[PDB]
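Here is how the chains run, residue by residue.
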Amino acid sequence: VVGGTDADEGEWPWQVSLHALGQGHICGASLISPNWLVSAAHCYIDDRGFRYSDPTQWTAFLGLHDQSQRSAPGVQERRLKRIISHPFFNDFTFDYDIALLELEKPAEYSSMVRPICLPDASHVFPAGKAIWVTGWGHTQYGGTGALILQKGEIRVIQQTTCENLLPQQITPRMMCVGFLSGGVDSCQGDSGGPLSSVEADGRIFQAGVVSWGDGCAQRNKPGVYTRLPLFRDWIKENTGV
Ligand SMILES: *SC[C@H](NC(=O)CC[C@H](N)C(=O)O)C(=O)NCC(=O)O
């Protein structure tokens with residue numbers, strides 16, 4: 001996250017860190033039930049050096065604050081049983097950039113570990129609404145990951161404006177969130193984490209999944225996120241949640 005601040009300990013108890021064995025933190029995810037996470041499909045694609053698609057290659061840390069303190073009280077370590085990447089994902093366009101991760105043993109709910117609420121299929125997160133991005137990604141483009149979980153406040157951008165900022169790249173699964181003036185944005189290593197939106201009684205709902213961007217925090221280049229209401233039924237069908 002560029003332009004953000006340190007989160008308070010336990011402020012985002014649905015935020016999860018996904019480590020690939022031997023490589024440290026790669027992506028984020030969100031806790032949605034005792035057994036399931038939501039993340040981004042693009043994080044789980046094999047390359048010639050490493051099989052990112054193989055669930056046995058990963059560790060999820062729940063309740064984490066600081067990447068240098070992964071055994072702190074309240075942090076839970078879990079392996080993955082399965083990675084379900086959306087069947088329509090493609091790694092060229094990044095359309096359908098969403099995956100479901102099945103924990104190998106359930107999470108234990110606590111003050112540090114709590115699921116995010118999922119929005120119904122019909123719910124609209126309106127243009128202009130302030131929402132939050134969180135993660136351990138880079139704090140400047142090309143820069144370094146944060147040890148401490150970061151948060152940043154960003155606003156939903158109108159879809160036609162988003163399309164025109166990133167021509168021939170924005171599908172209806174995507175939404176731009178940020179500022180035309182730049183300054184606050186997601187960045188490398190934030191992918192897969194949740195957008196958190198404060199709803200009408202103060203409960204937080206997941207608005208989207210950190211997906212991609214052109215650079216980070218640049219003028220006229222807000223980050224791109226996968227919309228969540230579109231996938232509510234797909235989540236139910238694949239997870240029972
Ligand atoms: S909607 C998912 C979360 N709800 C719960 O974990 C219910 C737990 C207890 N029954 C309770 O204390 O009410 C949730 O509300 N997450 C978002 C949030 O803002 O905390």
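Let us now look at the packing of aromatic side chains. Aromatic ring pairs are reported here in terms of the distance separating the ring centres and the angle at which the planes meet. Considering all chains together, one arrives at nine aromatic pairs under this definition. Ring geometry for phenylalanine 88 versus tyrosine 96: centroids 5.4 Å apart, planes at 85°, classification edge-to-face. Residue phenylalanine 88 is classed as exposed on the basis of its relative accessible area of 54%. With 5.9 Å between their ring centres and 80° between their planes, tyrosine 96 and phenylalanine 231 make a pair best called edge-to-face. Within this pair, whereas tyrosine 96 is found in the loop between strand 7 (80-85) and strand 8 (99-103), its partner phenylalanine 231 is found in the loop between strand 14 (223-227) and helix 2 (232-239), the two being separated by 135 residues in sequence. Judged by relative accessible area, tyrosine 96 falls into the buried class, the value being 18%. Owing to a relative accessible area of 3%, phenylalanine 231 belongs among the buried residues under this scheme. The rings of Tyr44, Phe50, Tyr52 and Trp58 are connected pair by pair, giving a single aromatic cluster. When the ring centre of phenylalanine 61 is taken as reference, the NZ or CZ atom of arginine 70 above it lies at 5.5 Å.

Take the state of the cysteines next. Under the criterion given, the structure shown has three disulfides. Covalently, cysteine 27 is tied to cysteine 43 through a disulfide, its sulfur atoms 2.0 Å apart. One disulfide, between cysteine 27 and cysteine 43, carries an S-S torsion of -90° and so falls in the left-handed class. Taken as a pair, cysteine 27 in strand 3 (residues 24-31) and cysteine 43 in the loop between strand 4 (36-39) and strand 5 (58-62) lie far apart in primary sequence, 16 residues in all. Owing to a relative accessible area of 5%, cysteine 43 belongs among the buried residues under this scheme.

What follows deals with unusual backbone geometry. We note that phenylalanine 94 has phi near 60°; this positive angle belongs to a residue other than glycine. Note on placement: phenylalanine 94 falls in the loop between strand 7 and strand 8. A positive phi angle is found at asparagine 220, which is not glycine, with a value near 60°. By the secondary structure assignment, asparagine 220 is in the loop between strand 13 (204-212) and strand 14. On the basis of relative accessibility, which here comes to 30%, the residue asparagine 220 falls in the partly exposed class.

A separate point is the domain arrangement of the protein. Entries for the protein in the domain assignment read domain 1 (1-12 + 116-229) and domain 2 (13-115 + 230-241). The C-alpha-based centres of domain 1 and domain 2 are spaced at 18 Å. Facing the 40 residues of domain 1 at the interface are 38 residues of domain 2. Of the roughly 3,000 Å² buried at the junction of domain 1 and domain 2 (both faces included), carbon and sulfur atoms supply 62%. The tally of links from domain 1 across to domain 2 stands at one salt bridge. Counting across the domain 1 and domain 2 interface gives 20 residue pairs in polar contact. Among the secondary structure elements, those contributing two or more residues to the side of domain 1 that touches domain 2 are strand 9 (130-135), strand 12 (194-198), strand 13 and strand 14. If you tally residues by element for the side of domain 1 that touches domain 2, the top one is strand 13, at six residues. Here the residues of the side of domain 1 that touches domain 2 sort into 21 nonpolar, twelve polar and seven charged.

Cut-offs applied
Residues numbered from 1 in each chain as written, not as in the entry; some residues may be left out. Heavy atoms only, no water. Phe/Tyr/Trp six-rings, centres within 6.5 Å; stacked < 30°, edge-to-face > 60°. Buried < 20%, exposed > 50% of the residue type's maximum accessible area, 1.4 Å probe, protein only. Helix = DSSP H or I, 4+ residues; strand = E, 2+ residues; numbered from the N terminus. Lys NZ or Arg CZ within 6 Å of the ring centre and 35° of its normal. Disulfide = S-S within 2.5 Å. Domains from an automatic or database assignment. Contact = heavy atoms within 4.5 Å. Buried area = accessible area lost by both parts, 1.4 Å probe. Salt bridge = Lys/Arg side-chain N within 4 Å of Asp/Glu carboxyl O. Polar contact = N/O pair within 3.5 Å; in protein donor to acceptor, adjacent residues only side chain to side chain. Nonpolar A, V, L, I, M, F, W, Y, C, P; charged D, E, K, R; others polar.

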